[PDB]
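Shown next, in structure tokens, is the structure this report addresses.
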There are 2 protein chains.
Amino acid sequence: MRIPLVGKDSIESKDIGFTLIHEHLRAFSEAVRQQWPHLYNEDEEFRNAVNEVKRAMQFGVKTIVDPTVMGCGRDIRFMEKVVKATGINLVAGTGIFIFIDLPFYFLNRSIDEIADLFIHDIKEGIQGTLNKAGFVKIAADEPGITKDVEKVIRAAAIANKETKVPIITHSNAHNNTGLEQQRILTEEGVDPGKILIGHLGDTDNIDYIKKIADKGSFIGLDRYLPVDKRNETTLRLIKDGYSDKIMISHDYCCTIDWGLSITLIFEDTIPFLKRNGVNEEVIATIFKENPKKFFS
Amino acid sequence: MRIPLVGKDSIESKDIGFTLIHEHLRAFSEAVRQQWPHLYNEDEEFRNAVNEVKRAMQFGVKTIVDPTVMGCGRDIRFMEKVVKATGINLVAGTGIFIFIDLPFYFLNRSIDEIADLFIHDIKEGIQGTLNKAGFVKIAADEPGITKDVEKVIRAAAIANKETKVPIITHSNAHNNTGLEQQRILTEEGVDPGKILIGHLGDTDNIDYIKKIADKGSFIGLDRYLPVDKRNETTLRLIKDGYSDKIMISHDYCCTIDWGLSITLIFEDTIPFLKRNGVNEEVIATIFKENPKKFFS
Ligand SMILES: [Co+2]
Ligand SMILES: [Co+2]
Ligand SMILES: [Fe+3]
Ligand SMILES: [Fe+3]
């Protein structure tokens, strides 16, 4: 008992097995789905999510971490229906995904009030259920570290200090937002090894990626920049000894509403790696050992 | 049959009666209510809304226009429950309330696609019901006319040209956003008399308010700046002959989630006006004749 699972008893982090650290069963904007439901088909979303999870399981995936949070349409009851249909271990999270400003709710509200929402989901449960959050997700992108973006980062640090759950980020690989997230969180007392700086596979600036890993945090070679170039960067990082900081995901959304699959790393990335000399222990380090330490 | 009403057959605009043009039965951020429902109490919200509507009816209000739209938690089923409990004529709208950027859904989507959402609500119905929207609501504030704010303004103009429903805006009274909204909409072909530029009672810069009214649009002396100063501005505008452009509302939210009543104009504003020489025909112009023309 250590990592909460949707629809299941919690599991020890040592038992997580082969893990996909950043996959979305579904993603959507809460406000536009509430206001224009005619744009959406939950039944198609459900079928797609179950099919994708089943395909991942066929390749040996035990556990999927789904970092859908506020702003991207987290729905714990949908998640538990997918678990019932598949038997996957599913880790849900809490957090806020914003690039610029917070919803109007947060006007005149403190960082502590924001952290209390995260702690509520970790300690009490998500959306009125007893399913608990196992990590915090935060974001920054092209607008950089705005005032509200920084509030959310600081609230994630408070939640981590109180509950010890790790932090996954979304960053923009072409600016310094990932480095800034790592800096702010570690300055606030977060263990660097409890942070995954995401979307670093989007750039080929290896020195920037290595800088973040060298500071202690996992580097998300997620969103599986052409895969060939991504693979080249991934291979380069492996060849240079960074396997124990690398996390690979697809950042695949089985259904997204914005105006490819959860097994591409099995059909393309992992075969490419293997064809270029990467052995089995590297694959196990990335997909089993790194998530075990992240959640340990 | 001309203005759609929640839970009722449509009514001719000539039969709207005494109207409150800008009141919220409820307002909230869709994403934070979806993600943290423990923060909200629908039963309290419902009781408050019914009580406020009943009090307005006791003062002679026939029709209430509720400009809650995407971003502020529009819920047509809540609205119809309030209508069932009170018998009020309630006009619901469509639109998007943003100050900076659109939800991620709208990435790579056209102004025409946005207008199609508004036209859907006006012609087909809101949120899977047969209750239709009777106006479009848009906003701009301190960030000014951003790219996404302007997209929404231009989509409102398309919806108005297709369906002839009027447009209500939120503006910031201390910058030129209201003037800019009016300019963009009229440049796109919207009749100036089909536009209410809102939140102009927030400033005492009478020349700015008069400029908008002189260009043909209604001026929202809503949000009933101290009421005394608001009343002074309202009285001044009346004394200067602007009654036939003035719309008074409270912009009262019977429940808002951000970190006073719908009858304050009956307890304070209207008595103050009357005490300062304003007669009955002015009150009738503001609250009956102006909304009739707006919706005509
Ligand atoms: Co991301
Ligand atoms: Co407003
Ligand atoms: Fe993601
Ligand atoms: Fe309002």
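Here chain B follows Swiss-Prot for its numbers: 1-224, 230-264, 278-314, in order, are the residues you see.
Using the three backbone atoms N, Cα and C, a Cβ is placed for every residue, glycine included.
Looking at B:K81, B:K137, Swiss-Prot tags one of them with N6-carboxylysine, and that residue is B:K137. Checking the candidates B:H120, B:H170, B:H174 against Swiss-Prot: the one annotated together with B:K137, B:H199 at the Co(2+) site is B:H170. Record check: Swiss-Prot places B:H22, B:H24, B:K137 at the Fe cation site, and the matching candidate among B:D249, B:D256, B:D262 is B:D256.
Straight-line distance linking the Cα atoms of B:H199 (Co(2+) binding site) and B:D256 (Fe cation binding site), rounded to a whole number, equals 9 Å.
The Cα of B:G264 and the Cα of B:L278, which border 13 unmodelled residues, are 16 Å apart.
The Cβ of B:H170 (Co(2+) binding site) has B:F97, B:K137, B:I138, B:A139, B:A140, B:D141, B:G198, B:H199 as same-chain neighbours under 8 Å, each 6 or more residues away in sequence. Within 10 Å of its Cβ, the residue among the binding-site residues B:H24, B:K137 with the fewest other Cβ atoms is B:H24. The residues near the Co(2+) site, meaning same-chain residues not in B:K137, B:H170, B:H199 whose C-beta sits within 8 angstroms of the mean position of the site's C-beta atoms, are B:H22, B:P67, B:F97, B:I138, B:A139, B:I168, B:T169, B:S171, B:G198, B:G220, in sequence order.
In the vicinity of ligand 2, defined as a Cβ distance under 6 Å, the following of the binding-site residues B:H22, B:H24, B:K137, B:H170 are placed: B:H170.
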